[PDB]
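Presented below, as structure tokens, is a lone chain in the form solved without 2,4,5-trimethyl-1,3-thiazole.
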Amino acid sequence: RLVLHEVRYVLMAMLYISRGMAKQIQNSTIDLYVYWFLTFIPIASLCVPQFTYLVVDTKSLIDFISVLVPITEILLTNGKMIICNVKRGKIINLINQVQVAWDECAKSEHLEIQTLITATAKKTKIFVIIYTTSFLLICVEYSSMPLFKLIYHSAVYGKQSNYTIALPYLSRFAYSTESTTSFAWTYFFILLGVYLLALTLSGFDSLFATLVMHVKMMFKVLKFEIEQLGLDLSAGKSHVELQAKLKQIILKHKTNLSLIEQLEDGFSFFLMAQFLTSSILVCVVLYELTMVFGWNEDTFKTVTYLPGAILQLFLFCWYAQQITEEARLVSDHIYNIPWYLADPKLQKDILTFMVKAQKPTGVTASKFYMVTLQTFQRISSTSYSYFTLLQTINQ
């Protein structure tokens, strides 16, 4: 029970929803305002100081770009916070509808559907756990490295350590930090902001992927029902029974299409902003690497900044591709039954079904384009072309 269980846990850990573990989640304004207040925390603790340092303290273009990449990632995460806070109602309604569909499926008497259910649950749990754990580990390490350095230095060299601690990021605040109290409180707020951002990234990416997985499971259930209709066609049952079975199949198809519609409605702007920012960051980091090519310390940072961006893009591209692929394959599933054994009326109904099922249905990026794996291919091609042209035109 409780589809997206680990997703509900991670969302609750963020205060996004206070009653996530309910069968029918409720949208309450208290969560909305609490989440807005939380959203304003990383902006003040991370975004503003880093942006101020970027604008003021930077002395060269290399430093500008190196400081600009992480700031861009943080700004994108904050934008994700705001976008999902705005789309709260649609996202929650989508989760509720997915839960309703899962509850309807779980009453099945067919072992194939039960196996699908168990596989889907296991997949979602494992994916959520891995993704959230990895991102929390990365962010915690990056933030707390100097704290661990201080602890280790104090333990080893005692009071003779010639080590002075500094904040986890290169940033400039409006007030001083030489005071111990101010330093401690700013550090605590920085950790709170980092924790919120990491939970945002992990939870919302996991929510998108897991909703895609559940829609895929629903499409597989539809495939099973179509195959059962084919078997009933072969067995030669009267016309009315075949009409009823086809009607049920069409209703299930409509339900799955509605779920895809809701997912697209909820995540269109999210995907658009994600892809735009990721592509621009890839171009910027490629430029920086070109300017500082060769064996040196600078190349390391860019080499680290890239893989996060590429994998984050690939996740969304892969799962949007799965949605599109299943929606398309519905047509093949309906073509492969022995429709020629049915009298012409049922064949015409199947023809309308097939006409609808062939239309490309997926998830768009603000309607600019439909997201699939070809989108990742195009981004990669443009990145490679930009890289090569930059190298040649350099001299």
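Think of the rigid core as the biggest set of C-alphas that the two forms share within 1.5 Å after superposition. Note that residue numbering begins at 1 and tracks the sequence as displayed.
Another form exists, solved in complex with 2,4,5-trimethyl-1,3-thiazole; not displayed. Remarks below refer to it.
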Pick from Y142, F293, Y157, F183: which residue has any heavy atom within 4.5 angstroms of 2,4,5-trimethyl-1,3-thiazole in the deposited complex?
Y142
Of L207, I95, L197, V215, the only residue with a heavy atom within 4.5 Å of 2,4,5-trimethyl-1,3-thiazole in the deposited complex is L197
Hey, in the deposited complex, is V363 touching 2,4,5-trimethyl-1,3-thiazole, heavy atoms inside 4.5 Å?
no
I'd like to check something about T77: if you look in the deposited complex, is any of its heavy atoms closer than or equal to 4.5 Å to a heavy atom of 2,4,5-trimethyl-1,3-thiazole?
yes
My question is simply whether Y305 lines the interface with 2,4,5-trimethyl-1,3-thiazole in the deposited complex - judged by any non-hydrogen atom within 4.5 Å.
yes
Whether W102 contacts 2,4,5-trimethyl-1,3-thiazole in the deposited complex should be assessed with a 4.5 Å heavy atom distance threshold; does it?
no
Determine which one of 189-197, 174-182, 315-323, 240-248 lies within 4.5 Å of 2,4,5-trimethyl-1,3-thiazole in the deposited complex, judging by heavy atom distances; exactly one does.
189-197
Pull the contact list for 31-67: residues with a heavy atom within 4.5 Å of 2,4,5-trimethyl-1,3-thiazole in the deposited complex, in sequence order.
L46
Flagged residue of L289, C317, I117, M272 - C-alpha shift reaching 2 Å or more between the shown form and the other one, core superposed
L289
With the core lined up, does the C-alpha of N78 move 2 Å or more between the shown form and the other one?
no
Core-aligned, is the CA shift for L306 between the shown form and the other one 2 angstroms or more?
yes
Core-aligned C-alpha movement of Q24 between the shown form and the other one reaching 2 Å
no
